[PDB]
Structures are given as structure tokens and as C-alpha cells.
Amino acid sequence: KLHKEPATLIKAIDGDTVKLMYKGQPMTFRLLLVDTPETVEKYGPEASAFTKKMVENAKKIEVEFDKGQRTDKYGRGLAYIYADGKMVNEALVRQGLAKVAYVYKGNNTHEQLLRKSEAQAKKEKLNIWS
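Residues numbered from 1 in each chain as written, not as in the entry; some residues may be left out. Heavy atoms only, no water.

For this coordinate set, the PDB header names X-ray crystallography as the determination method and states a resolution of 1.7 Å.

As C-alpha cells, then:
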């Protein structure tokens, strides 16, 4: 089973990338299973503002690595980020500011949860889906 770990926000980079102090070392995390528009694509600065706002306002940030590979080729940590118990990954998708990404190297624990949310956002024609 997965487990959450504390992290401290250092700097939010964009819709799907955040910089945190993980285990005393600063590190960039790439949010698992989400594809936000590049900051400029339509809805890119909105997804960035959202991610940024969600993490800067949180009293507690926690990271959760999946069962697959924990870093990508650029050295970015691959995880689910929690801001005061709320998973940022899911929050983005539910708000229609991100598409569910293809599973990477066995990291699929929350793909169903995210798929559901995305369906709902499509249904409500939210942002990316309007």
C-alpha cells in the first residue's frame, strides 16, 4: 500500500510541476497521471494558477510515490501531491484543467479515481472540455 510523506513547498512551477523540499533535499516533482496545457496553450496559465494556489495556501503538503518508477529521465520525482489532504492531481482533473495521462512505468494506483473525475468534468463541459 502507498504512503504519504511530508514535504515543504519551495516553488510551484506550472500546472504539473512543483518544487519541494523532500527529505532535506530540494526536488522537482512531476504530478502523476495528468496532462495540463503548457503555459501558451489554452488553459495553461489557468492550470498553473490553480496548482500554484492550491499548494501555496496549504498548511500541509504531502507526497505519495506510486508502486512503479519514482523518477523520469529528467530526474523529476513522480508522485501524487496532497495539499491539506486534497490530492492536487485529482483536483486538476475534476476542474477540467487536465486530461488523464497514459500510465507510466506501472504507476497506476489512482488512474481509476482520476478517470472517473475526468468523465465528470467532460460531462459538465468544464474548461478543457467546454
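Caption draft 1: Layout of the layout of surface pockets. Looking at the largest pocket, its volume works out to about 190 Å³. In this structure, the largest pocket is lined by 15 residues; those nearest its centre are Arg30, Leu32, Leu78, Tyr102 and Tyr104. Residue assignment for the lining of the largest pocket shows that the elements contributing at least two residues are β3 (25–31) and β4 (34–35). Of the residues in the lining of the largest pocket, the class split is nine nonpolar, one polar and five charged. (1 Å grid on protein atoms, 1.4 Å probe; cavity = no way out; pocket = protein on both sides within 12 Å on 5 of 7 lines; lining within 4 Å. Points joined across faces, edges and corners; volume = space filled by probe spheres on them. Helix = DSSP H or I, 4+ residues; strand = E, 2+ residues; numbered from the N terminus. Nonpolar A, V, L, I, M, F, W, Y, C, P; charged D, E, K, R; others polar.)

Caption draft 2: A look at the nonpolar core. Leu20, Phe29, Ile61 and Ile81 are the most contacted members of the largest nonpolar core, which totals 35 residues. For this core, the secondary-structure elements that each account for two or more residues are β1 (5–14), β2 (17–22), β3, α1 (44–56), β5 (61–65), β6 (77–83) and α2 (88–94). Broken down by element, this core gets its largest block of residues, six residues, from β6. Once residues lying within four places of it in the same chain are set aside, the contact partners of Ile61 are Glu5, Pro6, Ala7, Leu9, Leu20, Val55, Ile81, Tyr82 and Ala83. (Core = buried A, V, L, I, M, F, W, Y, C linked by side-chain atoms within 4.5 Å. Buried < 20%, exposed > 50% of the residue type's maximum accessible area, 1.4 Å probe, protein only. Contact = heavy atoms within 4.5 Å.)

Caption draft 3: The pattern of salt bridges, seen in detail. Applying the stated criterion across every chain, the model contains eight salt bridges. Of the charged contacts in the structure, one is a salt bridge between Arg76 and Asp72, with a shortest N-O distance of 2.8 Å. Here the residues in one salt-bridge network are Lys99, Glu111, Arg115 and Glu118, joined through shared partners. (Salt bridge = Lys/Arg side-chain N within 4 Å of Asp/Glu carboxyl O.)

Caption draft 4: Up close: helix α3 (residues 111–123). Here α3 spans 18 Å end to end across 13 residues, near enough to the 18 Å set by a 1.5 Å rise per residue. Among the residues of α3, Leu114, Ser117, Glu118 and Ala121 are the ones counted as buried. Angular distribution of buried residues about the axis of α3 spans 100°; they occupy a single face of the element. Exposed side chains of α3 directed beyond 90 degrees from the buried face belong to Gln112, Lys116 and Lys123. Residues of α3 that are buried in the fold lie against β7 (86–87), α2 and β8 (99–100). Following α3 by one or two positions, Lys125 adopts a phi angle in the positive range, close to 45°. (Expected span 1.5 Å × (residues − 1). Arc of directions from axis to C-beta.)

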